[PDB]
Amino acid sequence: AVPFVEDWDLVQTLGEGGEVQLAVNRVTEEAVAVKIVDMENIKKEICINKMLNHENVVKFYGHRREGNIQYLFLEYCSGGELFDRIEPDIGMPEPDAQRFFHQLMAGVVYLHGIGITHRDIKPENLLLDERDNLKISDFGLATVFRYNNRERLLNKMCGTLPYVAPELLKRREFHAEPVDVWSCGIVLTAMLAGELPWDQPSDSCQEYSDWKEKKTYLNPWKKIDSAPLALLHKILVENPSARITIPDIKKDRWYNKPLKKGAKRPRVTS
Ligand SMILES: N#Cc1cnc(NC(=O)Nc2cc3ccccc3cn2)cn1
């Protein structure tokens, strides 16, 4: 009934690869992210996005089609990507990484609970709102791995090589959930060391061979404290059947270690 409420001005480019624009409502000044896709690929991304509703998953508000162009109305996260909070070769303070890792697990538990695998978890796909709350973004490579309580094994090779689990390079078929668990472990490694451990997880990769031989005196492992390193030892396990599951990540000692204070709240003295 209110005129002009459906009008959004595109005020700035947020990302590319089509593009993601910052859209501001003409009347309310509400900020959303509009993903512009110049076209089955986007049809599956829209259908998976309509299933999503969680505080650590980028919100989907709706979609509009202007002939050949698809417009996806998605949550605006003013904090940007987790990628730009990682200082090269340093990482970030361990309590900040623990808090981001808690929020990443909550989002992944949610997705896996409704039978969705993201398949491309990496810091470029983890967005931060104004309060630094993590949001899993971009369901362009996501798929349903469980339907009618029946698990379907995956075979499609996808994701990003430094974050992919070794079974995707070695086996024809693999379970979906240990693959996302592995990529979260590489995110945790990146957050605590500011560097990726290997180009890809194969025996032909020397840094990967060094990890399987427990050469933790080498980088990036030498920069990581023993408590989060003991967790990484459980996540970055070559055999996906022996790899730690999320319920067991939730019982890990470092995972449950008190490290971070709540957000700074205004206070006065006397
Ligand atoms: N796919 C997808 C997607 C991409 N971006 C979404 N939302 C954002 O607010 N993105 C965003 C916000 C940024 C804010 C500051 C700097 C860089 C930024 C990069 N990207 C939502 N979904």
Side-chain angles (χ1 to χ4, degrees), residues 7-26 28-39 41-42 44-63 65-66 69-88 91-92 96 99-100 103-104 106-108 110-112 114 116-145 156 158-160 163-164 176 179-180 183-184 187 190-191 194 263:
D7 288 334
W8 302 81
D9 300 308
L10 305 177
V11 310
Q12 65 179 88
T13 306
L14 297 175
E16 271 180 62
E19 62 184 313
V20 172
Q21 287 284 315
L22 166 64
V24 172
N25 190 277
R26 183 181 160 177
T28 69
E29 299 185 62
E30 184 200 3
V32 304
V34 167
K35 184 173 167 163
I36 297 160
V37 179
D38 181 25
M39 65 206 279
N41 296 282
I42 196 58
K44 187 162 161 192
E45 185 176 344
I46 289 155
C47 272
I48 283 164
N49 262 285
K50 291 169 159 187
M51 306 170 69
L52 314 176
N53 181 42
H54 191 267
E55 57 176 319
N56 297 114
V57 176
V58 164
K59 261 192 86 166
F60 177 74
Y61 306 119
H63 71 286
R65 181 171 170 169
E66 280 290 315
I69 314 127
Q70 272 280 11
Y71 299 96
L72 269 70
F73 288 79
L74 302 155
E75 188 175 349
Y76 171 63
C77 308
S78 66
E81 313 185 342
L82 176 65
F83 180 87
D84 297 305
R85 304 301 185 91
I86 304 170
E87 192 185 3
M92 74 178 63
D96 293 19
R99 175 174 171 277
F100 289 136
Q103 294 178 6
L104 175 56
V108 174
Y110 168 75
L111 291 183
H112 291 180
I114 63 171
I116 297 168
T117 172
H118 183 275
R119 308 206 283 187
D120 204 16
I121 299 165
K122 59 179 176 180
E124 301 85 336
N125 287 331
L126 305 170
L127 303 178
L128 301 172
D129 70 1
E130 60 285 353
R131 294 183 176 182
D132 286 346
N133 292 311
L134 184 141
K135 318 275 186 160
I136 299 172
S137 63
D138 200 338
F139 287 83
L141 290 171
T143 196
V144 179
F145 74 90
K156 187 189 154 241
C158 58
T160 304
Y163 302 89
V164 288
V179 169
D180 285 334
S183 60
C184 294
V187 169
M191 293 197 287

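Counting from 1, the numbers follow the sequence of the chain as shown. Read the numbers this way: they start at 1 and go in the same order the structure lists the ligands and their atoms.
Panel note: side chain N49, backbone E45; a donor-acceptor pair is recorded below 3.5 Å.
Remark: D84 engages no residue in a side chain to side chain donor-acceptor pair (under 3.5 Å) (not counting sequence neighbours). For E75, the side chain to side chain donor-acceptor pair (under 3.5 Å) partners two or more places apart in sequence, or in a different chain, are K135. Partners of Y110 under the ring-ring contact (aromatic ring centres under 6.0 Å, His included) rule, at least two apart in sequence or in another chain, are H54.
With a 4.5 Å cut-off on side-chain heavy atoms, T117 and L111 do not count as touching.
A salt bridge is defined here as a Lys NZ or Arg NE, NH1 or NH2 lying under 4.0 Å from an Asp or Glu carboxylate O, and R85 with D132 meets this definition.
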For ligand 1, what N or O to protein N or O distances fall under 3.5 Å?
from	atom 1	to	atom 2	distance (Å)
ligand 1	1 (N)	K35	NZ	3.2
ligand 1	7 (N)	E75	O	2.9
ligand 1	9 (O)	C77	N	2.7

